[PDB]
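Q: Input upload02.tsv, format and content: TSV, C-alpha atoms and all ligand atoms.
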```
chain	number	residue	atom	x	y	z
P	416	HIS	CA	-18.93	1.53	-94.32
P	417	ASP	CA	-15.36	0.21	-94.00
P	418	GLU	CA	-16.46	-2.23	-91.26
P	419	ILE	CA	-18.48	-4.12	-93.86
P	420	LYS	CA	-15.57	-4.27	-96.34
P	421	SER	CA	-13.44	-5.64	-93.52
P	422	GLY	CA	-15.83	-8.48	-92.75
P	423	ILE	CA	-16.40	-9.04	-96.48
P	424	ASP	CA	-12.65	-9.48	-96.96
P	425	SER	CA	-12.01	-11.68	-93.96
P	426	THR	CA	-14.74	-13.99	-95.21
P	427	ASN	CA	-12.86	-14.16	-98.53
P	428	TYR	CA	-9.64	-14.91	-96.64
P	429	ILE	CA	-11.50	-17.77	-94.93
P	430	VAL	CA	-12.94	-19.15	-98.18
P	431	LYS	CA	-9.48	-19.02	-99.76
P	432	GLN	CA	-7.81	-20.86	-96.88
P	433	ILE	CA	-10.50	-23.55	-97.15
P	434	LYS	CA	-10.28	-23.98	-100.94
P	435	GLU	CA	-6.52	-24.24	-100.40
P	436	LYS	CA	-6.61	-26.95	-97.75
P	437	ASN	CA	-9.02	-28.98	-99.90
P	438	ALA	CA	-6.44	-29.12	-102.71
P	439	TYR	CA	-3.67	-30.37	-100.39
P	440	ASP	CA	-6.13	-32.99	-99.17
P	441	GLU	CA	-7.00	-34.15	-102.68
P	442	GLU	CA	-3.32	-34.63	-103.49
P	443	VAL	CA	-2.86	-36.60	-100.27
P	444	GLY	CA	-5.72	-38.86	-101.34
P	445	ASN	CA	-3.95	-39.40	-104.66
P	446	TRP	CA	-0.79	-40.42	-102.81
P	447	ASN	CA	-2.91	-42.86	-100.80
P	448	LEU	CA	-4.27	-44.48	-103.95
P	449	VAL	CA	-0.74	-44.74	-105.37
P	450	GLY	CA	0.27	-46.66	-102.26
P	451	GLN	CA	-2.77	-48.93	-102.42
O	398	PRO	CA	-26.17	-2.76	-85.54
O	399	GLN	CA	-25.00	-4.32	-82.27
O	400	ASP	CA	-25.66	-7.81	-83.67
O	401	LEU	CA	-23.77	-6.85	-86.82
O	402	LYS	CA	-20.83	-5.57	-84.75
O	403	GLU	CA	-20.65	-8.91	-82.95
O	404	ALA	CA	-20.68	-10.70	-86.31
O	405	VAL	CA	-18.07	-8.45	-87.94
O	406	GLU	CA	-15.90	-9.13	-84.88
O	407	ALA	CA	-16.39	-12.89	-84.80
O	408	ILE	CA	-15.44	-13.21	-88.48
O	409	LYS	CA	-12.30	-11.20	-87.63
O	410	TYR	CA	-11.43	-13.50	-84.74
O	411	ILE	CA	-11.78	-16.48	-87.09
O	412	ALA	CA	-9.59	-15.01	-89.84
O	413	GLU	CA	-7.01	-14.18	-87.16
O	414	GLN	CA	-6.92	-17.68	-85.70
O	415	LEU	CA	-6.52	-18.86	-89.30
O	416	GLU	CA	-3.57	-16.61	-90.16
O	417	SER	CA	-1.83	-17.57	-86.91
A	295	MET	CA	-3.56	-62.60	-68.19
A	296	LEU	CA	-6.15	-61.02	-65.88
A	297	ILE	CA	-4.54	-57.61	-66.41
A	298	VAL	CA	-4.49	-58.07	-70.20
A	299	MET	CA	-8.23	-58.76	-70.01
A	300	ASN	CA	-8.72	-55.68	-67.83
A	301	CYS	CA	-6.81	-53.52	-70.32
A	302	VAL	CA	-8.98	-54.85	-73.16
A	303	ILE	CA	-12.18	-54.08	-71.25
A	304	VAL	CA	-11.06	-50.51	-70.30
A	305	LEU	CA	-10.08	-49.78	-73.90
A	306	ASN	CA	-13.45	-51.12	-75.08
A	307	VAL	CA	-15.32	-48.90	-72.62
A	308	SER	CA	-13.18	-45.80	-73.23
A	309	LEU	CA	-13.55	-45.96	-77.03
A	310	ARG	CA	-17.36	-46.24	-77.07
A	311	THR	CA	-19.34	-43.78	-79.20
A	312	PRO	CA	-23.04	-42.83	-79.42
A	313	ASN	CA	-23.14	-44.46	-82.85
A	314	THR	CA	-22.15	-47.79	-81.28
A	315	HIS	CA	-23.43	-47.70	-77.69
A	316	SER	CA	-25.91	-45.80	-75.56
A	317	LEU	CA	-24.71	-44.38	-72.25
A	318	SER	CA	-27.37	-44.90	-69.61
A	319	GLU	CA	-28.26	-42.91	-66.52
A	320	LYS	CA	-27.99	-46.08	-64.43
A	321	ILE	CA	-24.32	-46.32	-65.49
A	322	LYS	CA	-23.46	-42.63	-65.09
A	323	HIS	CA	-25.09	-42.67	-61.65
A	324	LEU	CA	-23.34	-45.99	-60.85
A	325	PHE	CA	-19.84	-44.70	-61.84
A	326	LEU	CA	-20.12	-40.87	-61.60
A	327	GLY	CA	-22.15	-40.20	-58.44
A	328	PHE	CA	-20.65	-41.83	-55.36
A	329	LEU	CA	-17.95	-44.27	-56.51
A	330	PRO	CA	-15.28	-41.63	-57.37
A	331	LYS	CA	-16.05	-40.14	-53.95
A	332	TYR	CA	-15.75	-43.53	-52.22
A	333	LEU	CA	-12.62	-44.01	-54.37
A	334	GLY	CA	-9.93	-41.43	-55.27
A	410	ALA	CA	-33.67	-11.39	-103.77
A	411	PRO	CA	-32.41	-14.90	-104.60
A	412	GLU	CA	-28.91	-14.30	-103.20
A	413	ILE	CA	-30.01	-13.01	-99.79
A	414	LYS	CA	-31.27	-16.56	-99.13
A	415	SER	CA	-27.70	-17.83	-99.13
A	416	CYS	CA	-26.04	-17.42	-95.74
A	417	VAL	CA	-29.62	-17.60	-94.41
A	418	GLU	CA	-29.42	-21.37	-95.01
A	419	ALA	CA	-25.73	-22.20	-95.35
A	420	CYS	CA	-24.71	-20.41	-92.16
A	421	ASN	CA	-27.35	-22.14	-90.06
A	422	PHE	CA	-26.31	-25.43	-91.65
A	423	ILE	CA	-22.68	-24.80	-90.69
A	424	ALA	CA	-23.75	-23.93	-87.15
A	425	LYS	CA	-25.86	-27.09	-86.80
A	426	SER	CA	-23.07	-29.30	-88.10
A	427	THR	CA	-20.59	-27.73	-85.67
A	428	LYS	CA	-22.94	-28.16	-82.71
A	429	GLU	CA	-23.59	-31.82	-83.66
A	430	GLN	CA	-19.88	-32.56	-83.94
A	431	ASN	CA	-19.22	-30.96	-80.53
A	432	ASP	CA	-22.02	-32.89	-78.83
A	433	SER	CA	-20.69	-36.17	-80.32
A	434	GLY	CA	-17.34	-35.31	-78.77
A	435	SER	CA	-18.88	-34.59	-75.37
A	436	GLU	CA	-20.48	-38.05	-75.26
A	437	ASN	CA	-17.06	-39.63	-75.84
A	438	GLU	CA	-15.59	-37.38	-73.14
A	439	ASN	CA	-18.01	-38.90	-70.67
A	440	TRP	CA	-17.09	-42.41	-71.82
A	441	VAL	CA	-13.41	-41.54	-71.28
Z	329	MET	CA	-25.35	-52.02	-78.58
Z	330	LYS	CA	-27.60	-49.51	-80.41
Z	331	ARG	CA	-30.75	-51.02	-81.99
Z	369	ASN	CA	-20.27	-5.64	-105.73
Z	370	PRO	CA	-17.44	-7.72	-107.30
Z	371	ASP	CA	-16.41	-8.81	-103.79
Z	372	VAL	CA	-19.85	-9.20	-102.18
Z	373	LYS	CA	-20.91	-11.70	-104.87
Z	374	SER	CA	-17.95	-13.99	-104.12
Z	375	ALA	CA	-18.43	-14.32	-100.38
Z	376	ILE	CA	-21.85	-15.82	-101.01
Z	377	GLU	CA	-20.38	-18.33	-103.43
Z	378	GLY	CA	-17.68	-19.28	-100.94
Z	379	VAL	CA	-20.20	-19.68	-98.13
Z	380	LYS	CA	-22.35	-21.92	-100.29
Z	381	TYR	CA	-19.19	-23.82	-101.29
Z	382	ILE	CA	-18.42	-24.49	-97.65
Z	383	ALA	CA	-21.99	-25.76	-97.26
Z	384	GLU	CA	-21.76	-28.32	-100.11
Z	385	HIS	CA	-18.38	-29.50	-98.86
Z	386	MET	CA	-19.79	-30.07	-95.38
Z	387	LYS	CA	-22.73	-32.01	-96.82
Z	388	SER	CA	-20.49	-34.28	-98.88
Z	389	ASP	CA	-18.34	-34.83	-95.80
Z	390	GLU	CA	-21.40	-35.76	-93.71
Z	391	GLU	CA	-22.47	-38.31	-96.36
Z	392	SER	CA	-19.02	-39.87	-96.52
Z	393	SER	CA	-18.77	-40.07	-92.74
Z	394	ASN	CA	-22.14	-41.83	-92.52
Z	395	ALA	CA	-21.02	-44.27	-95.21
Z	396	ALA	CA	-17.88	-45.07	-93.21
Z	397	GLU	CA	-19.86	-45.46	-89.98
Z	398	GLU	CA	-21.91	-48.21	-91.60
Z	399	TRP	CA	-18.72	-50.16	-92.38
Z	400	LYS	CA	-17.53	-49.65	-88.82
Z	401	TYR	CA	-20.78	-51.00	-87.39
Z	402	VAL	CA	-20.60	-54.04	-89.67
Z	403	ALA	CA	-17.04	-54.82	-88.62
Z	404	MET	CA	-17.99	-54.51	-84.95
Z	405	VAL	CA	-20.93	-56.90	-85.29
Z	406	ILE	CA	-18.76	-59.45	-87.08
Z	407	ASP	CA	-16.19	-59.03	-84.30
Z	408	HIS	CA	-18.71	-59.86	-81.54
Z	409	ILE	CA	-20.00	-62.91	-83.41
Z	410	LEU	CA	-16.43	-64.13	-83.69
Z	411	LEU	CA	-15.75	-63.53	-80.01
Z	412	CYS	CA	-18.57	-65.90	-79.16
Z	413	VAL	CA	-17.53	-68.42	-81.83
Z	414	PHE	CA	-13.93	-68.43	-80.62
Z	415	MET	CA	-14.89	-68.96	-76.99
Z	416	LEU	CA	-17.03	-71.93	-78.02
Z	417	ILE	CA	-14.18	-73.40	-80.06
Z	418	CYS	CA	-11.78	-72.75	-77.16
Z	419	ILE	CA	-13.95	-74.79	-74.79
Z	420	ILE	CA	-15.08	-77.57	-77.15
Z	421	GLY	CA	-11.65	-78.23	-78.63
Z	422	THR	CA	-10.03	-78.38	-75.21
Z	423	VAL	CA	-12.60	-80.80	-73.83
Z	424	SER	CA	-12.61	-82.99	-76.97
Z	425	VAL	CA	-8.85	-83.61	-76.66
Z	426	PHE	CA	-8.57	-84.70	-73.01
Z	427	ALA	CA	-12.02	-86.08	-72.12
Z	428	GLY	CA	-11.53	-89.56	-73.60
Z	429	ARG	CA	-8.37	-90.57	-71.76
Z	430	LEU	CA	-9.48	-88.95	-68.49
Z	431	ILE	CA	-12.81	-90.79	-68.49
Z	432	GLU	CA	-10.99	-94.00	-69.45
Z	433	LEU	CA	-8.64	-93.55	-66.47
Z	434	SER	CA	-11.26	-92.63	-63.85
F	329	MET	CA	14.17	-24.96	-75.97
F	330	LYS	CA	11.97	-21.86	-76.04
F	331	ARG	CA	12.87	-19.94	-72.89
F	369	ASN	CA	-35.95	-11.90	-89.72
F	370	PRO	CA	-35.88	-15.03	-87.52
F	371	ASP	CA	-33.31	-16.48	-89.95
F	372	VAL	CA	-30.60	-13.79	-89.99
F	373	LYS	CA	-30.75	-13.90	-86.18
F	374	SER	CA	-30.18	-17.65	-85.89
F	375	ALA	CA	-27.35	-17.11	-88.39
F	376	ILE	CA	-25.57	-14.36	-86.42
F	377	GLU	CA	-26.01	-16.58	-83.35
F	378	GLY	CA	-24.43	-19.46	-85.27
F	379	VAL	CA	-21.36	-17.40	-86.21
F	380	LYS	CA	-21.01	-16.11	-82.65
F	381	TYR	CA	-21.13	-19.65	-81.27
F	382	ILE	CA	-18.56	-20.78	-83.85
F	383	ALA	CA	-16.37	-18.04	-82.35
F	384	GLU	CA	-16.89	-18.53	-78.60
F	385	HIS	CA	-16.29	-22.27	-79.01
F	386	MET	CA	-13.00	-21.60	-80.78
F	387	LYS	CA	-11.87	-19.28	-78.00
F	388	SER	CA	-12.70	-21.93	-75.39
F	389	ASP	CA	-10.78	-24.56	-77.34
F	390	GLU	CA	-7.85	-22.15	-77.45
F	391	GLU	CA	-7.60	-21.83	-73.66
F	392	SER	CA	-7.94	-25.60	-73.21
F	393	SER	CA	-5.14	-25.99	-75.76
F	394	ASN	CA	-2.87	-23.48	-74.03
F	395	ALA	CA	-3.28	-25.34	-70.73
F	396	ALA	CA	-2.48	-28.65	-72.40
F	397	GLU	CA	0.60	-27.08	-73.98
F	398	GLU	CA	1.74	-26.03	-70.52
F	399	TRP	CA	1.45	-29.62	-69.30
F	400	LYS	CA	3.38	-30.78	-72.36
F	401	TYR	CA	6.13	-28.23	-71.75
F	402	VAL	CA	6.46	-29.41	-68.16
F	403	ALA	CA	6.76	-33.01	-69.32
F	404	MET	CA	9.43	-32.06	-71.87
F	405	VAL	CA	11.48	-30.21	-69.23
F	406	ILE	CA	11.26	-33.17	-66.84
F	407	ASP	CA	12.28	-35.43	-69.72
F	408	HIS	CA	15.43	-33.30	-70.44
F	409	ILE	CA	16.45	-33.40	-66.75
F	410	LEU	CA	16.07	-37.17	-66.75
F	411	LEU	CA	18.11	-37.59	-69.92
F	412	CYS	CA	21.03	-35.82	-68.28
F	413	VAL	CA	20.55	-37.70	-64.98
F	414	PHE	CA	20.34	-41.09	-66.70
F	415	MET	CA	23.44	-40.58	-68.83
F	416	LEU	CA	25.31	-39.52	-65.71
F	417	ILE	CA	24.15	-42.65	-63.86
F	418	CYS	CA	25.02	-44.78	-66.91
F	419	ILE	CA	28.62	-43.56	-66.74
F	420	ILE	CA	29.06	-43.43	-62.95
F	421	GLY	CA	27.53	-46.85	-62.28
F	422	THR	CA	29.62	-48.44	-65.01
F	423	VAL	CA	32.86	-47.00	-63.68
F	424	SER	CA	31.98	-47.70	-60.03
F	425	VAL	CA	31.67	-51.44	-60.74
F	426	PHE	CA	34.93	-52.10	-62.62
F	427	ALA	CA	37.31	-49.33	-61.51
F	428	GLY	CA	38.41	-50.95	-58.24
F	429	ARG	CA	39.56	-54.28	-59.63
F	430	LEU	CA	40.98	-52.83	-62.85
F	431	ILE	CA	43.03	-50.33	-60.84
F	432	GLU	CA	44.32	-52.82	-58.27
F	433	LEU	CA	45.25	-55.20	-61.10
F	434	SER	CA	47.83	-52.69	-62.38
M	262	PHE	CA	21.60	-64.81	-83.45
M	263	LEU	CA	24.11	-64.23	-80.65
M	264	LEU	CA	22.26	-66.86	-78.61
M	265	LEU	CA	22.36	-69.23	-81.60
M	266	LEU	CA	26.15	-68.89	-81.79
M	267	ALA	CA	26.78	-69.00	-78.03
M	268	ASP	CA	27.30	-72.79	-78.09
M	269	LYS	CA	29.52	-73.10	-81.19
M	270	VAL	CA	32.41	-70.61	-80.72
M	271	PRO	CA	35.72	-71.52	-79.03
M	272	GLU	CA	36.04	-70.22	-75.46
M	273	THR	CA	39.63	-68.93	-75.70
M	274	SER	CA	40.84	-65.42	-74.84
M	275	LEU	CA	43.91	-64.99	-77.05
M	276	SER	CA	41.87	-63.36	-79.85
M	277	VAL	CA	38.31	-62.76	-81.04
M	278	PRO	CA	36.96	-64.78	-83.99
M	279	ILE	CA	36.08	-62.85	-87.13
M	280	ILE	CA	32.48	-64.07	-86.89
M	281	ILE	CA	32.04	-62.52	-83.45
M	282	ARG	CA	33.70	-59.34	-84.69
M	283	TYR	CA	31.17	-59.28	-87.54
M	284	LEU	CA	28.25	-59.82	-85.15
M	285	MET	CA	29.40	-57.02	-82.85
M	286	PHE	CA	29.86	-54.76	-85.87
M	287	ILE	CA	26.27	-55.40	-86.98
M	288	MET	CA	24.98	-54.99	-83.41
M	289	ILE	CA	26.65	-51.61	-82.90
M	290	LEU	CA	25.41	-50.52	-86.33
M	291	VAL	CA	21.82	-51.37	-85.36
M	292	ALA	CA	22.29	-49.51	-82.07
M	293	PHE	CA	23.43	-46.38	-83.91
M	294	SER	CA	20.47	-46.70	-86.28
M	295	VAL	CA	18.24	-46.66	-83.17
M	296	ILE	CA	20.00	-43.57	-81.77
M	297	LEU	CA	19.77	-41.61	-85.01
M	298	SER	CA	16.13	-42.60	-85.52
M	299	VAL	CA	15.39	-41.17	-82.07
M	300	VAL	CA	17.22	-37.99	-83.08
M	301	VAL	CA	15.23	-37.75	-86.32
M	302	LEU	CA	11.92	-38.19	-84.50
M	303	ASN	CA	12.92	-35.56	-81.95
M	304	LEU	CA	13.65	-33.07	-84.73
M	305	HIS	CA	10.41	-34.00	-86.50
M	306	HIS	CA	8.15	-33.42	-83.48
M	307	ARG	CA	9.51	-29.93	-82.69
M	308	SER	CA	7.33	-26.83	-82.83
M	309	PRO	CA	7.61	-23.08	-82.19
M	310	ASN	CA	5.94	-23.39	-78.77
M	311	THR	CA	8.93	-25.41	-77.56
M	312	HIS	CA	11.93	-24.65	-79.77
M	313	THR	CA	13.39	-21.80	-81.83
C	501	LIG	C1	-18.30	-18.31	-92.12
C	501	LIG	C2	-17.69	-19.16	-91.03
C	501	LIG	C3	-16.94	-20.37	-91.57
C	501	LIG	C4	-16.41	-21.31	-90.50
C	501	LIG	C5	-15.20	-22.11	-90.94
C	501	LIG	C6	-14.60	-22.97	-89.84
C	501	LIG	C7	-13.22	-23.53	-90.17
C	501	LIG	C8	-12.71	-24.50	-89.13
```
Would you write the structure of this file as structure tokens?
A:
Amino acid sequence: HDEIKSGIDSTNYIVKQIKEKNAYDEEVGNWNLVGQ
Amino acid sequence: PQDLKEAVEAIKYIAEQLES
Amino acid sequence: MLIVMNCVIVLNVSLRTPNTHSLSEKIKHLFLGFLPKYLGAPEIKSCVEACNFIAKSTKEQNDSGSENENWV
Amino acid sequence: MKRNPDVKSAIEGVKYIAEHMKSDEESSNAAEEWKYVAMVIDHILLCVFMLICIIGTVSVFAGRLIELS
Amino acid sequence: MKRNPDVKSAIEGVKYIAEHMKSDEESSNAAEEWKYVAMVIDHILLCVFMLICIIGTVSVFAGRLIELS
Amino acid sequence: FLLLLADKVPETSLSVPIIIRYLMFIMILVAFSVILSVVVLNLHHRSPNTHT
């Protein structure tokens, strides 16, 4: 049982890290438009 | 579940490389 | 001036990509055979499609890097 | 040149990664088109500039040199 | 300095996306070793070149400036 | 700029003209800017694999 939960929660950790790099990247695009 | 085991271990490896 | 032109031509060759140029077997065999020697439910159908799509994309990206490795 | 509460959120995050990869693949193709166009323009201008380099160097010295030989 | 045919193809996908990462990680460790070696060599040559900068600047003017007084 | 002024300054050794003192001041200031920019880049490109 637990094995599943473990994979199911490391996939969430991955999704979170991705959704959190995308933000940082959006704000870096905004700084690029400010400079343009 | 051998296939599953390999999957549940690859996901782990990924999450670990990510934390580090 | 000759060495500036040689630098420009080596940068042009080393930065080639499959989207721009095609690497031919005549070339590879001309430069990588003997010359180096002579020289130096609805939701179950989710990962079923998204995971295979991720895997394809990754493979593609890797292959497009290999082609550039050969150009290098 | 060429030519239950936690197993219904992992599925949403996997599909999210899929859309994001698609959008990225469409934007990368769009940028590759602009890179191909700039390369073509660059080759046309390499030929043009070698023509101008030859013509404008002959059309400055030819007259006097013919007139002297 | 630091002294169903679908679930299968899926699983396979994942496993490839893992093996490839591991491979990249060894290649990256080896490149980090070469970068560490270059940094060490660079630190030795900073000390050597500041030594030479001092020695070769004293060994050109010392003689005359000492016999002048 | 030093080259520019090399032909217009008196060639006497009893003192240094204020204009040459100003030029050497600016030159040494630029040199120190170079040194500290190198230091800043060195600090910026550090990582745990190489430095603690
Ligand atoms: C479910 C696997 C996701 C892979 C993400 C890769 C991040 C570089």
Q: Step by step, measure atom-to-atom distances between ligand LIG 501 (chain C) and each residue using all atoms listed in the file, keep those at most 8 Å, then write them as an MDAnalysis selection string.
A: (chainID P and resid 426 429:430 433) or (chainID O and resid 408 411) or (chainID A and resid 420 423) or (chainID Z and resid 379 382) or (chainID F and resid 379 382)
Q: Please, could you write that set of residues out with C-alpha atoms as a PDB file, in the coordinates of the input?
A:
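The file below, selection-v4.pdb, is the result:
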```pdb
ATOM      1  CA  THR P 426     -14.740 -13.990 -95.210  1.00  0.00           C
ATOM      2  CA  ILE P 429     -11.500 -17.770 -94.930  1.00  0.00           C
ATOM      3  CA  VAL P 430     -12.940 -19.150 -98.180  1.00  0.00           C
ATOM      4  CA  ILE P 433     -10.500 -23.550 -97.150  1.00  0.00           C
TER       5      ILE P 433
ATOM      6  CA  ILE O 408     -15.440 -13.210 -88.480  1.00  0.00           C
ATOM      7  CA  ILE O 411     -11.780 -16.480 -87.090  1.00  0.00           C
TER       8      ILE O 411
ATOM      9  CA  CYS A 420     -24.710 -20.410 -92.160  1.00  0.00           C
ATOM     10  CA  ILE A 423     -22.680 -24.800 -90.690  1.00  0.00           C
TER      11      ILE A 423
ATOM     12  CA  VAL Z 379     -20.200 -19.680 -98.130  1.00  0.00           C
ATOM     13  CA  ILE Z 382     -18.420 -24.490 -97.650  1.00  0.00           C
TER      14      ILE Z 382
ATOM     15  CA  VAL F 379     -21.360 -17.400 -86.210  1.00  0.00           C
ATOM     16  CA  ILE F 382     -18.560 -20.780 -83.850  1.00  0.00           C
TER      17      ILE F 382
END
```
Q: Would you mind listing what lies within 12 Å of residue 378 (chain F) as an MDAnalysis selection string, with all atoms listed in the file counted and same-chain residues fewer than 3 positions away left out?
A: (chainID O and resid 400 403:404 407:408) or (chainID A and resid 416:428) or (chainID F and resid 371:375 381:385)
Q: I'd like the interatomic distance between CA of residue 322 (chain A) and CA of residue 398 (chain Z), to a tenth of an Å.
A: 27.1 Å
Q: Return as lines of an AutoDock Vina configuration file the box centre and box size in Å, one decimal, for an axis-aligned box around all listed atoms of region 428-441 of chain P padded by 8 Å per side.
A:
```
center_x = -8.3
center_y = -24.5
center_z = -98.8
size_x = 25.3
size_y = 35.2
size_z = 23.8
```
Q: RMSD over all C-alpha atoms, chain F superposed on chain Z in order?
A: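 C-alpha RMSD after optimal superposition stands at 0.4 Å.
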Q: What separation in Å, quoted to one decimal, exists between CA of residue 386 (chain Z) and CA of residue 400 (chain Z)?
A: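 Going from CA of residue 386 (chain Z) over to CA of residue 400 (chain Z), I get 20.8 Å.
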Q: Taking a cut-off of 12 Å and counting all atoms listed in the file, can you build a table that, for each residue of chain M near chain F, reports the nearest atom pair and how far apart they are in Å (one decimal), sorted by chain then residue number, as JSON lines?
A:
```
{"residue": "M:303", "atom": "CA", "partner": "F:404", "partner_atom": "CA", "distance": 11.2}
{"residue": "M:304", "atom": "CA", "partner": "F:329", "partner_atom": "CA", "distance": 11.9}
{"residue": "M:306", "atom": "CA", "partner": "F:404", "partner_atom": "CA", "distance": 11.8}
{"residue": "M:307", "atom": "CA", "partner": "F:329", "partner_atom": "CA", "distance": 9.6}
{"residue": "M:308", "atom": "CA", "partner": "F:330", "partner_atom": "CA", "distance": 9.6}
{"residue": "M:309", "atom": "CA", "partner": "F:330", "partner_atom": "CA", "distance": 7.6}
{"residue": "M:310", "atom": "CA", "partner": "F:330", "partner_atom": "CA", "distance": 6.8}
{"residue": "M:311", "atom": "CA", "partner": "F:330", "partner_atom": "CA", "distance": 4.9}
{"residue": "M:312", "atom": "CA", "partner": "F:329", "partner_atom": "CA", "distance": 4.4}
{"residue": "M:313", "atom": "CA", "partner": "F:330", "partner_atom": "CA", "distance": 6.0}
```
